[PDB]
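In what follows, a single structure is set out as structure tokens and then discussed.
Remember, it's 1-based here, ligands and their atoms both numbered in the order they're listed. Below, all heavy atoms of this structure are taken into account, side chains as well, without hydrogens, waters or symmetry copies. Residue numbers count from 1 along this sequence.
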Amino acid sequence: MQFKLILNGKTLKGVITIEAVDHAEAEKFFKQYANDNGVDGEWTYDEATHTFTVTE
Ligand SMILES: [Zn+2]
Ligand SMILES: [Zn+2]
């Protein structure tokens, strides 16, 4: 499956797409990915579009 993360940071913006075999695994990956980017934000998920957002 494919999932997207929109990073809406104060000083960094991004869009990342991954392949994953599980929805919760994708969430866990993206949370670690944002943490590793130094991005600390609030989260959303939209199942219709397979899109996570993190907003600082
Ligand atoms: Zn699952
Ligand atoms: Zn789905």
Side-chain angles (χ1 to χ4, degrees):
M1 291 179 286
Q2 294 189 28
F3 296 89
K4 180 182 287 174
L5 175 65
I6 300 172
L7 296 103
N8 190 3
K10 298 183 185 179
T11 58
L12 179 145
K13 311 289 182 187
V15 183
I16 311 299
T17 298
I18 66 177
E19 184 75 28
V21 300
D22 181 80
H23 289 79
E25 170 204 41
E27 186 261 357
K28 294 167 199 183
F29 176 80
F30 282 143
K31 290 272 177 88
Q32 187 67 54
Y33 185 91
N35 180 73
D36 291 346
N37 280 208
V39 172
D40 186 16
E42 57 180 82
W43 289 79
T44 73
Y45 181 65
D46 184 58
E47 170 53 28
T49 62
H50 276 198
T51 299
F52 297 87
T53 77
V54 57
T55 304
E56 289 192 328

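Under a 3.5 Å cut-off, the side chain of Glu19 and the backbone N or O of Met1 do form a donor-acceptor pair. Side chain of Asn37 to backbone of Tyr33: a donor-acceptor contact under 3.5 angstrom is found.
When side chains are defined from C-beta on, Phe3 counts as touching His23, because their heavy atoms get closer than 4.5 Å. By the 4.5 Å heavy-atom criterion applied to side chains, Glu56 and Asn8 are not counted as neighbours. For the pair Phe29/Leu5, no side-chain contact is recorded, criterion being any heavy-atom separation below 4.5 Å from C-beta on.
Within the protein, the N, O or S atoms lying under 2.8 Å from the Zn ion (ligand 1) are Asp22 OD1.
The two residues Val54 and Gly41 have their closest heavy-atom pair at CG2-CA, 3.8 Å.
Applying the side chain to side chain contact (heavy atoms under 4.5 Å, CB included) rule to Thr44 yields the partners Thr53; only residues at least two apart in sequence or on another chain are considered.
When you scan the N, O or S atoms of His50 for the one nearest the Zn ion (ligand 2), you land on NE2. The Zn ion (ligand 2) is closest to atom OE2 of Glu47 (considering only N, O or S atoms).
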